[PDB]
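Visitor: Test case, fold it:
(chains A, B, C, D, E, F, G and H, ligands or ions: 25)
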Amino acid sequence: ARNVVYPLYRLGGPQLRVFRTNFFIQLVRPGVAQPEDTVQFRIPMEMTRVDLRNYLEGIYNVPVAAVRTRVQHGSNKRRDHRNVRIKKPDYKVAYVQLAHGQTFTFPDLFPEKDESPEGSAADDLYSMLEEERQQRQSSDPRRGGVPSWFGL
Amino acid sequence: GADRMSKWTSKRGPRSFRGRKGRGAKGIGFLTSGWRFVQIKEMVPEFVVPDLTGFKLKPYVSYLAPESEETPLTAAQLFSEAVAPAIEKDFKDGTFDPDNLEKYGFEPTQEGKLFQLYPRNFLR
Amino acid sequence: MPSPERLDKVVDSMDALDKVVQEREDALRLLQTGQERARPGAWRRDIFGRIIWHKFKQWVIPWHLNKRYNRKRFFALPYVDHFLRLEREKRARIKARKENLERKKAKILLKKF
Amino acid sequence: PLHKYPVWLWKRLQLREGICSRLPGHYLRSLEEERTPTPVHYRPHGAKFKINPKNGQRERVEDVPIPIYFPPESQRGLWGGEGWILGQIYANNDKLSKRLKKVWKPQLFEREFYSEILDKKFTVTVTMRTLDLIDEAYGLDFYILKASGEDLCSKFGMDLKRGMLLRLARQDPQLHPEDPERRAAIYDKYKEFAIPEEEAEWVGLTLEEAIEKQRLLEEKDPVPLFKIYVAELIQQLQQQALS
Amino acid sequence: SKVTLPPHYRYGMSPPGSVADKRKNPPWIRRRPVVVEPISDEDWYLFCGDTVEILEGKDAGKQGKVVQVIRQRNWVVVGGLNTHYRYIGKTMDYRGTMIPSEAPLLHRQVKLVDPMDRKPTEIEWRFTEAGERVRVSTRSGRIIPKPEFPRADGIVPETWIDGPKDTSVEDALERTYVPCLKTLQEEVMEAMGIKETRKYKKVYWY
Amino acid sequence: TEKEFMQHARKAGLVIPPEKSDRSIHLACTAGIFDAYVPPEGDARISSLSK
RNA sequence: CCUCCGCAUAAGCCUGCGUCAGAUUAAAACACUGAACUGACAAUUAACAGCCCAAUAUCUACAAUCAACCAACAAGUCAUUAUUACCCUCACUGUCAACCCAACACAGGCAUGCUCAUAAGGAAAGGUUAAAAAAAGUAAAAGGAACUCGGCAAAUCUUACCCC
RNA sequence: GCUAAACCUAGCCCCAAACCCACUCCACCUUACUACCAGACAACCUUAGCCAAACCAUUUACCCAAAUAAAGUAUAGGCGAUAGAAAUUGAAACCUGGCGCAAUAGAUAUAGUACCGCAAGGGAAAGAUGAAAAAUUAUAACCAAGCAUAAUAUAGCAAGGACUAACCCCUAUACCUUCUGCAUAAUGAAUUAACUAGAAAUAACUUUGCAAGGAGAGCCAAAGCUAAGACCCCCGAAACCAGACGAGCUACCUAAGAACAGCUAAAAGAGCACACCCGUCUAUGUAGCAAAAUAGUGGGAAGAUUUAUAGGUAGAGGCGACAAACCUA
Ligand SMILES: [Mg+2]
Ligand SMILES: [Mg+2]
Ligand SMILES: [Mg+2]
Ligand SMILES: [Mg+2]
Ligand SMILES: [Mg+2]
Ligand SMILES: [Mg+2]
Ligand SMILES: [Mg+2]
Ligand SMILES: [Mg+2]
Ligand SMILES: [Mg+2]
Ligand SMILES: [Mg+2]
Ligand SMILES: [Mg+2]
Ligand SMILES: [Mg+2]
Ligand SMILES: [Mg+2]
Ligand SMILES: [Mg+2]
Ligand SMILES: [Mg+2]
Ligand SMILES: [Mg+2]
Ligand SMILES: [Mg+2]
Ligand SMILES: [Mg+2]
Ligand SMILES: [Mg+2]
Ligand SMILES: [Mg+2]
Ligand SMILES: [Mg+2]
Ligand SMILES: [Mg+2]
Ligand SMILES: [Mg+2]
Ligand SMILES: [Mg+2]
Ligand SMILES: [Mg+2]
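Guide: Residues are numbered from 1 along each chain as shown, chains lettered A, B, ... in the order given. Ligands and ions are numbered 1, 2, ... in the order given. Now the structure:
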C-alpha cells in the first residue's frame, strides 16, 4: 500500500502481509514495437518488481516470468497565462512477460459503431437541421439576387 | 543560474547522488561487502487475496435499494452491542467479578498478542 | 470516454469503505487501548518557533545514543520571538482587512438594496 | 491595527493562559515578586532628601542600580552581589578627554567549604564579599537559608537552599542511625524556618524546569474507555435494579 | 469533475463544465461581478417544475413552467415564454433554422401561482406542526405541494433493470455483521486458515 | 518584449445545448410540411364555380 | 568542397526538429513546413557507475620507469593474522535529444579513449550591374628600407657591437 | 478612420470594538520534501553610526511606566549648540466610519510571479460590450500625439499690418536660469496623457465676545483676556557602523587521478616541434561574433607545466614569485 507507514521489521519477526492494498495498475498499449510475450503496464511510484509479481499472481493469477520497470518523467514546459510552468504527474511503466510461453495481444474497444436507437431529445434536432438544410439549399444563379419567396 | 522552483528529483545530481535519493520505494533488504543485495522474504508485502468463487455481490448497487439515515459507528454502540449482553447475563445470575475482565475481550497491555492497535503492527 | 461516472462511483465507494474500516479500527482501539490516532507523537516546538505535531519515526536503537536524531534540535532560542510577533501582526492585518472588506460589502448591500 | 495588550504584558498573559496557569500560588507569587537587591557597587543614600551645597534647597535623591552582567561561572559557583560591570571610564578622570570602555572583574579564590545540613564538602571558587557574608551570618547554612533569591544570584545557591529546606521538612535521616542526638541537635539548630514540603519543592526552579515538573506530575497515561464504559453500565444496571 | 472556480466567476446559463463556458469567460478575464440579492436557502420558495407567471416584460400576464433554476444569480427561465430569436446552425456558406431561446429572469419578476384559481399570490414558508415543511399561501391559506421533477441522475426507479454488474436488493440489506472484539485483519487471517507462530519483538517510537 | 495577440473565437454555431444538460428546447414549429398537397392539373381551366 | 571534426565517458535544466489537427492570427530575421508552437499519443526496461563492508587484539623498511644490466634522488600511487557469530538472496537511481556556461540559434571557453583522416558531420553564393571607398589573397621594366622616429603586415631566412 | 481614447472591482490606510491562529493519510533536519542503527560540543555579553554645534575629539529627544499646568523651572552641558524631571489639585463604565481614493491613486501585490547572481537579496504593467455571447446583431459615431484622404511652387524664428484672392509689399534676433550682459556656438527639452514640488512656533496684523478682569481648574493683567483668519519647497554625491554571503573566474594550500606525437635524445628545471598553457605585433569592429574576437609572425611544451573532483583562508580582512594585483563583468 502507498502513503502508509510500514512497520519496522525486526530480525526474526513475522511475515509482512498486506490485505487491502492501495495500488492501481494501468494496462497501457505499447507505443513502439514489442514481442507477443512482453506486456506493458503502469504501476504507481511506490511499487517494485516482487510486489507487482505478487499482485499479478494473487488476484489475476497470471504467470509472470520477469519484471523490468523504469521511471517516466512527465513534461514540464507548458506555460499558463501568468508565465508559470505546468508540472505533469509522473508514473512508472512496467514490462512484464509471461511464463508458460503464452501469447497476448491488445484488442480494440471501439470498432462497433452500429447504434441507431430512438432519439427524441437529440436525434430529432439533427433530423430537423438536416431537413432544413435539404429544403433551403436551392439557390438559382439565374435569378441574379431576387428573393424566391414572392410567387408573383 | 540553476533551477530552484522545481523539486529535487533523481536526475539532478552527479554519479554520487543517483542511488540514495530514489522515488520513495520501500526497501526489502540491505547490502553486503560484495556489492550485493540481501533481500529478506519477510520484508516484502505479501498480498492476501481470498477466493472469489461463491461470492454473490456485485460492485454496483441497484436503484431499487431503499435509503436510510447515516450515523457514525462509535465505540459506545459496539460496546453496548457486544459486551453488554454478556455482562448482563453474568451479573443477573451472580458470578460477575470486577477483578478480572480478560474474558470479555479487554487486554491490559498490547505486548501479548500480535496485532496491536495503538502501536499498529499490521500494515493495512 | 463512454461512461466516466462509473470511475467516480467506484472511487467514492472505496473511499466510503476506507472511512468505515477506519472508524471501526478507531472504535476498537478506543475500546481496547483508549487513545485516538494510531500514529504516536507529541507537541514539540521546532527551531522556527512553530507548535507542530512531531510524528515518531520508529527506530531500532534508543534516542539517548542515536547520531542522526540528536542532530534534530527542538528549541526556539531567543531570536525567533521577533519573527513570531511580526507573523502575528501580519495575520492580524489580514484579519482586519478581511473584516473591513466584509463591512464594505454589507454597506454596499444595504445601500443598493 | 492595534494590539489589545501592551508588549510588556505577554509574559503575564502566557502565565495566565493554560499550562502555565496550573502552577501553585506560592511559586507564582515568588516569581512575580521582583524585589531590588542590595547595593553592592554603589553607596545608597541615607535619607530620601539630601541638602546639596551651593544652594540651600532640599531635593529628593534616589539610589539607582548598576547594570551588572552574570556569566555562567557565577551561576555554577557561589558568588555575592557582584559580577562583571560593562561600563565606560574616561582618560584622566575628566570629561574633556577620551571616553574609553573598561570592564571590571571580581577576584576568585578556589576554596573548600563544609555544609552541616548536607554533610558534604564542595569546591567553590568563592570571592571575598561572600566570605565576609558567611562570617557575618555565622556559618554557610545560615548564609544560604537567610539570603533570599535576589541575593545569591546563582543557581547552585538556590539548589542548596532547596535541598536544605527539603532535608529540614521531610525529616529524612541525614547522617545514619546509632546516634540520633546529632541529627536532633542539627534539626533544632535550624528550626526558625521549616518550610512545608508542598512549598519547598518549588524554590529556586526556573520557568522551564517548573513547566517540566508540572508536566511530569500531570502526565497520566490515558485510561482505556472500556473501564469507564463497564463502570457506567454497572452503575446504570444497579440504578435500574434497586429501584 | 472537481474543478476550482475563480472567486469572481460569472454564471451565464451554461454550466461551468462545458466548452461554451470555457469559450465565454476563460480563466484570464476578471470582469466586474454582478451583486445579487443575498437570499438564504430557507426562504427559496420557487423550485423547478411548478408553474409560474411573468410579472412584466414583452409578454406580461402569461403563464408558464420553469425548467432550470440558478441559485448563484437568482436566474429562472420559463418554458418558451419570454424568449427572443437566434440561429443554431451557422456555417460559412449557409445558415438558418431560427430556434427561439429562453431568457433568464429574477425572483422579483416571478411570482408563484396557485392551481386553484390560476392567480398570482405571494407564498410564504409556514412550518406545519405535522412534521414536514411545505409552502402555505398568505392571502388564501392554500397549500402548494412540491412539483415532481426528475433528478439529475437521468434514470427513474419505476422501470430500472438490474444489469450484469448490478446486485439485487435481498443481499445488500442482509444482516451479516457480527459485532465482536476482533480486528478485521486477524479475522480474515483466521478465517482463511493462515497461522503464525513467531511474535513481534520490542520496538521504540521516537 | 514578450506579448502576443489574444481574441480567439470562431464564427460557427455548433452543438452545445444537449451536451450533458437537463434543459431541452421548447420549439414552436416543425421542419417542413406533413404531406405535400397535389393540386389538380386542370385548375386554371376550371377556375369557375364547379364542373 | 571542408574535415582545427565526430562518436563515447565527465559536468548540466530535464522531454527541448517523432506522429496527429490547427496551420485564419501568432515566433522563421522571406518561403516550404519547422531546431525560436498550442493540445493529445510515449519513448529510456541493465549486465553500465553507484547504493557497500559484524567485532575484539595483532601484522605490513628492499618503489614505479617493459624491470632483467647499470644508474640514482624529489625517498615513493596499492598486501594480513587468531578467535566469536552469521547457510534468508538479485531490490533501488538514469539510459531520448540537434543538449552546457556567457541576456541569444554568439568567429568565446570545456576534462579522457577511439582512425589524427577516415565508415562521423556540414554548405563561403537569394537574384541582378561592376559605381567610388575600405578589408583579405598572387606578382611586376631599374634601385632593394633611398618613405616612415624606429625593418610597421608581408616573403627571403639573417652577421656583428653596446646597455640592462 | 486606422492607430487607439473614458466605462468599476479585487480592494487598498487609519479609527472604535475584539486579545488572533496553527495534523485528512504519507514525507520534512543527510543531498528538508530521503522509513530503518553506537560519543552524547552547540544561547546566557556596554549596540554602533549619521547629523548638529558651520570642523571636531565632551555633547546630540529615540530609553516603550496614558492627558494637562507646573515647565521648558531648578538642573546637566568645550556652562554651548542642546537635554530635561520631580513634590502638587487632577484623568465619566456600553453604540458598526471616512467633508480618503478607484489600477501611473490607494499595500509591491491577481504576486512576493517572471527575471538577475552559486549565494543573501532586488523585483515591475495585468482585469472594461451586454438583462438574456445558449443575442457573434450591426452598429451610434464625433476630441491628443503618427499617417493616407489632400506632397512640393522664390525669400528666409515661421509672426504681425493689411487688400477682391496662399505667396509676392514693410516691420520684427525662440522659451526659463546661474549671469552687469545669452537665440547666441552655455545649461534643459520630440509630442501627447497621468503624477510631482511652501508642511510650522514666540513675537506681530485684522475681526467678534467679555472686561479691572479674561479664560471650561493650571496662565496673563498699571486696558486687559479669549477665539478666528494670516506663514515660511522639491530632487540630486562620494563617506561610516551594525546583521548576514561568497575562493565553482581568479591568489594560496590539501587528498586521490589524468595529459605531453616525432627528431636531436651531450647527463640536463636541454632545443625544434602535435595536441595543450599565456598572448609581443600587423590588419578587421568599437551599439561588433564577443560588456575583450579573428591567422601567423610568438615563449614554454619531462616540469617553478596544465587540468577533471572535493574541502579550507573575507573586509578593524583573505591572499600576494609585491602588480595597492585579485576577492563573481
Ligand atoms: Mg545514450
Ligand atoms: Mg555576452
Ligand atoms: Mg558524410
Ligand atoms: Mg549560404
Ligand atoms: Mg547577396
Ligand atoms: Mg617590382
Ligand atoms: Mg630613413
Ligand atoms: Mg616583421
Ligand atoms: Mg557637524
Ligand atoms: Mg509627576
Ligand atoms: Mg498599483
Ligand atoms: Mg506597483
Ligand atoms: Mg489627431
Ligand atoms: Mg521678407
Ligand atoms: Mg516657468
Ligand atoms: Mg548652472
Ligand atoms: Mg560669465
Ligand atoms: Mg543654445
Ligand atoms: Mg554652465
Ligand atoms: Mg540637447
Ligand atoms: Mg579552488
Ligand atoms: Mg602567482
Ligand atoms: Mg626543456
Ligand atoms: Mg621549447
Ligand atoms: Mg611597487
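
Visitor: wait, is residue C:22 part of a helix?
Guide: Yes. Assessed with DSSP: H, G, I helix; E, B strand; the rest coil, residue C:22 lies in a helix.

Visitor: Quick check: the gap between it and chain A.
Guide: 11 Å (C-beta to the nearest C-beta, to the nearest Å). In short, each C-beta sits where N, CA and C put it, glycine included.

Visitor: okay but residue A:89 is in contact with residue A:74, surely?
Guide: Yes. Under the criterion of C-beta atoms under 8 Å, residue A:89 makes contact with residue A:74 at 6.1 Å.

Visitor: Neighbour count: these two, which is higher?
Guide: Higher neighbour count among residue A:89 and residue A:74: residue A:74, with 10 against 6, using other C-beta atoms under 10 Å in any protein chain shown.

Visitor: nearest spatial neighbour of that one, skipping sequence neighbours?
Guide: Closest residue in space to residue A:74, ignoring its immediate chain neighbours: residue A:88 at 3.2 Å, by C-beta to C-beta, 6 or more residues apart in numbering or on different chains.

Visitor: Could you do residue D:62 as well?
Guide: residue D:45 (7.3 Å).

Visitor: check contacts around the one you found.
Guide: Neighbouring residues of residue D:45 by C-beta atoms under 8 Å, 6 or more residues apart in numbering or on different chains: D:61-63.

Visitor: so who does the nearest residue to residue E:97 once chain neighbours are set aside touch?
Guide: Excluding the flanking residues, the one nearest residue E:97 by C-beta to C-beta, 6+ apart is residue A:132, at 4.6 Å. Contacts of residue A:132 were listed using C-beta under 8 Å, 6+ apart, and they are E:89, E:96-97, F:31-32.

Visitor: Give me the buried subset of the contacts of residue D:45.
Guide: Neighbour counting over these (16 or more other C-beta atoms under 10 Å in any protein chain shown) leaves no buried ones.

Visitor: all helices of chain D, in order?
Guide: D:10-15, D:25-32, D:72-76, D:129-136, D:140-146, D:149-152, D:155-170, D:180-189, D:197-200, D:207-217, D:225-242 (DSSP state H).

Visitor: what do you get for chain C?
Guide: With DSSP H as the criterion, chain C has helices spanning C:5-32, C:81-112.

Visitor: Partner strands of the longest strand anywhere in chain A and their direction?
Guide: The residue-count maximum for a strand in chain A (DSSP state E) belongs to strand A:91-98. When pairing is defined by DSSP bridges, strand A:91-98 lines up against strand A:38-43 (antiparallel), strand A:64-67 (antiparallel), strand A:70-72 (antiparallel).

Visitor: got these as a markdown table, with mean neighbour count columns?
Guide: Listed next are the strands paired with strand A:91-98 as a markdown table, based on neighbours: other C-beta atoms under 10 Å in any protein chain shown:
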| stretch | mean neighbour count |
| --- | --- |
| strand A:38-43 | 18 |
| strand A:64-67 | 16 |
| strand A:70-72 | 11 |
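
Visitor: In JSON lines, list these along with distance to residue D:231.
Guide: Putting these into JSON lines (distance: least, C-beta to C-beta, whole Å) gives the following:
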{"stretch": "strand A:38-43", "distance to residue D:231": "51"}
{"stretch": "strand A:64-67", "distance to residue D:231": "56"}
{"stretch": "strand A:70-72", "distance to residue D:231": "57"}
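
Visitor: would you list those in a markdown table and tack on distance to RNA strand G?
Guide: Formatted as a markdown table, the strands paired with strand A:91-98 follow (distance: least, C-beta to the nearest atom of the strand, whole Å):
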| stretch | distance to RNA strand G |
| --- | --- |
| strand A:38-43 | 5 |
| strand A:64-67 | 7 |
| strand A:70-72 | 3 |
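
Visitor: What helix or strand is residue A:151 located in?
Guide: In the assignment (DSSP states H and E), residue A:151 maps to no helix and no strand.

Visitor: contacting residues around the residue positioned nearest the centre of chain F?
Guide: Nearest to the mean C-alpha position of chain F, counting by C-alpha atoms, centre = their mean, stands residue F:31 at 5.8 Å. Counting by C-beta under 8 Å, 6+ apart, residue F:31 touches A:127-128, A:131-132, A:135.

Visitor: From residue E:124, how far off is the residue nearest to residue E:39 when sequence neighbours are not counted?
Guide: Nearest residue to residue E:39 in three dimensions, chain neighbours excluded: residue E:74, at 6.5 Å (C-beta to C-beta, 6+ apart). Note on residue E:74: its distance to residue E:124, by C-beta to C-beta, to the nearest Å, is 18 Å.

Visitor: and the closest residue to chain B within chain F, how many neighbours does it have?
Guide: Using C-beta to the nearest C-beta, the single residue of chain F nearest to chain B is residue F:22, 17.8 Å away. Using other C-beta under 10 Å, residue F:22 has 13 neighbouring residues.

Visitor: hang on, it in a helix?
Guide: No. Going by three-state DSSP, the assignment for residue F:22 is coil, not a helix.
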